[PDB]
Amino acid sequence: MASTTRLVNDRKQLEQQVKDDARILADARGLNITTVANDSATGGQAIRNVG
Amino acid sequence: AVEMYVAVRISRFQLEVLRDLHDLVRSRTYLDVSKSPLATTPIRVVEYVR
């Protein structure tokens, strides 16, 4: 029942903080979008009206 | 001079005469594929979606 009973919570706060400020200073590169094509068709059996 | 004493002839004959060049145009109908195109790949049920 002293300050030794808060290390895990302090470490959790540290994890969150370091992730946050490491993301903040990151420089972002604008990726080029490729692979855009109509290759998502659907199949099936023909109905082929009889008569 | 090339036929004979007895001649063969025709009683009636039909032809069309026109007085103005404008009368030489007529009309026909079409389908206008631009707005009502011909169909392909008839209606089918869905199966093998990929």
# chains A, B, ... in the order shown; residues from 1 in each chain; ligands from 1

$ closest_atom_pairs --of "chain B" --to "chain A" --cutoff "9 Å" --atoms "only C-alpha atoms" --output "tab-separated table"
residue	atom	partner	partner_atom	distance
B:41	CA	A:46	CA	8.3
B:42	CA	A:46	CA	6.9
B:43	CA	A:47	CA	6.5
B:44	CA	A:46	CA	4.8
B:45	CA	A:44	CA	5.4
B:46	CA	A:44	CA	4.9
B:47	CA	A:44	CA	4.5
B:48	CA	A:43	CA	5.3
B:49	CA	A:42	CA	4.7
B:50	CA	A:40	CA	6.0
